[PDB]
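Structural overview for review
One-letter residues, chain by chain:
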Amino acid sequence: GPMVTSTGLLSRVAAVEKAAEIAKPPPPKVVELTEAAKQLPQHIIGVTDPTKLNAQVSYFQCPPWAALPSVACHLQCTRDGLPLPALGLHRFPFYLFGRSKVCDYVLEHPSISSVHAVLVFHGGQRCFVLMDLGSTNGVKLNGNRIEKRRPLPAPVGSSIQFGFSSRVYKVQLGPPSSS
């Protein structure tokens, strides 16, 4: 016979000439009694590297009300049409989405930039607050495209999207963990 068997593999797409900007901040400072001593960073942040924690401050800073939830909920993520098990993302104060090595999630897409957007557990409104740094394509909110550089609260029952990625963050309220 013809001996022809398809593999079901998708074709290939051309590449897009892209580049990255490497910043160069000033040197460290001696150890002395300063304001930071009284307003020291979080337990986990106090361990972060000097260039790492500083590279994340050039985009967004962690507020005081950050990492202070008052309701029990969970986050659901989709992958290739596969509904993965949702889990309370409270292991970290926030989560970055981009190509930057500093981001909490490094993906690969022509729409995803070094720093597309980042969400932080808003302890004031009890809901993750995601803000777009001003990407090209545009970030989605609650399943609907919206402006950028603005507070995009994605509470339980809502959804989140960024770039041309397939992964979708669907928030939802869970049962009472504390009896």
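Structure: above.
This part takes up the sheet that holds strand β9 (residues 151–153). Strand pairing in a sheet relies on backbone hydrogen bonds, with the paired strands running either antiparallel or parallel. In space, the 5 strands of this open sheet follow the order β4-β3-β5-β6-β9, with mixed pairing throughout. Because the sheet does not close on itself, it has two edges, and the strands there are β4 (105–106) and β9. Sheet topology note: the strand β5 (residues 117–122)/strand β6 (residues 127–132) ladder contains 6 bridges and is antiparallel. Paired with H122 across the strands is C127, a residue of β6.

With that out of the way, let us pick up the pairing of β6. When a strand is regular, its side chains alternate between the sheet's two faces. Taking burial as the measure, the 6 residues of β6 include 5 buried ones, the bulk of the element. A loop of 4 residues connects β5 with β6, the two strands running antiparallel in sequence, and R126 in this loop sits at a positive phi of about 50°. When β6 meets β9, the two strands line up antiparallel, connected through 3 bridges. Within the sheet, the bridge partner assigned to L130 lies in β9 and is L152.

To continue, consider the packing of aromatic side chains. How two aromatic rings sit relative to each other is set out by the distance from centre to centre and by the angle between their planes. On inspection of all chains with the given rule, the structure shows 7 aromatic pairs. Ring geometry for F97 versus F162: centroids 5.4 Å apart, planes at 40°, classification tilted. Note that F97 is positioned in strand β3 (residues 94–98) and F162 in the loop between β10 (159–161) and β11 (169–173), a separation of 65 residues in sequence. For the pair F97 and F162, one class covers both residues: buried.

On to the state of the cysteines. As enumerated under the stated definition, the model contains 0 disulfides in all. Here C62 is not cross-linked by a disulfide; its sulfur's nearest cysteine counterpart is in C103, at 15 Å. A relative accessible area of 29% means that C62 is categorised as partly exposed. Residue class for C103 comes out buried when judged on its relative accessible area of 9%.

About the cut-offs
Residues numbered from 1 in each chain as written, not as in the entry; some residues may be left out. Heavy atoms only, no water. Pairing = 2+ DSSP bridges. Helix = DSSP H or I, 4+ residues; strand = E, 2+ residues; numbered from the N terminus. Buried < 20%, exposed > 50% of the residue type's maximum accessible area, 1.4 Å probe, protein only. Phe/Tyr/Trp six-rings, centres within 6.5 Å; stacked < 30°, edge-to-face > 60°. Disulfide = S-S within 2.5 Å.

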